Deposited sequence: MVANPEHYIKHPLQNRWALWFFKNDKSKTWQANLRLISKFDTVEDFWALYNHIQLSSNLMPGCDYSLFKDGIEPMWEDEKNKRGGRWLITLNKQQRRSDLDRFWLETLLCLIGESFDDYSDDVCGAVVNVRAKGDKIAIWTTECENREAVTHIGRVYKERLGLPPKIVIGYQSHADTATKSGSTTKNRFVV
């Protein structure tokens, strides 16, 4: 009936089905792809009415450190307490998906790879993944706009961790 409204990029929704008897990548599942506003909303409305983690990454980028577009990058991390799953999780996740498909970081949105939400009994987490941890100007601009877009209290920092550092964990490259 109507002409669909194209998004700037094509996106893929992935999920991680926690299965301890399998190696990490064997639990990744690519659910579906979309490149219009109407197809995004249909998928979002469908998931809402249905550690089982999810991610939205640009087409061609797998949601893993191993991917060529992620190996030299990192993520802005938002940590929620147990009480924030009910009051803030869904709002923070939708606002993060909108930053992605709407290219809310202007030219710096070209550095965005995707976003990951970790559903944990001990506390949920949401991250925006970027392609180059050494791109200080792009990384910091994305972080400041993301923190503001989510209405986070200014005094508390959010940290940007390089995937190389997260993978050899035993520390924040930038804070905003």
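By the record, the deposited chain contains unmodelled runs at 1-6, 57-61, 182-185, with no C-alpha atoms placed there.
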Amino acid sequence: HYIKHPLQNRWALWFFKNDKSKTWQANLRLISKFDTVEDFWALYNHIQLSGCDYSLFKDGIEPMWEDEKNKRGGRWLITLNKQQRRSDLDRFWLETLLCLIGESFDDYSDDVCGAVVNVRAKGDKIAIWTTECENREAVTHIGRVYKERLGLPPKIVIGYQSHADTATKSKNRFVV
From here on, numbers count along this sequence of modelled residues.
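We call the rigid core whatever largest set of C-alpha positions still superposes within 1.5 Å between the two forms.
Using the rigid core as the fitting frame, the root mean square C-alpha deviation in 7 other deposited structures of this protein is greater for 41-49 than for the other of 41-49 and 126-134. Stretch 25-33 is the one, of 66-74 and 25-33, whose CA positions lie farther from the shown form in 7 other deposited structures of this protein once all structures are superposed by the rigid core.
Figure legend: residue 8 is marked as modelled in all of the other comparable entries of the protein, none of which omit it, let alone a third.
Across the other compared structures of the same protein with both neighbouring residues present, residue 170 lacks coordinates in at least a third. For the segment pair 105-113 and 147-155, the entry gives 147-155 the higher mean B-factor, averaged over Cα atoms. Just going by the entry, 67-75 versus 85-93 on mean CA temperature factor gives the higher value to 85-93. Taking only the listed residues 28, 139, 128, 121, the entry reports the highest CA temperature factor at 121.
Residue 24: CA B factor in the highest third of modelled residues in this chain (values from the PDB entry). Residue 54: CA B factor in the highest third of modelled residues in this chain (values from the PDB entry). In this PDB entry, the Cα temperature factor of residue 134 sits in the top third of its chain's modelled residues, the highest group. Ranked against the other modelled residues of its chain, the C-alpha B-factor of residue 15 as given in the entry falls in the middle third. Residue 168: CA B factor in the highest third of modelled residues in this chain (values from the PDB entry).
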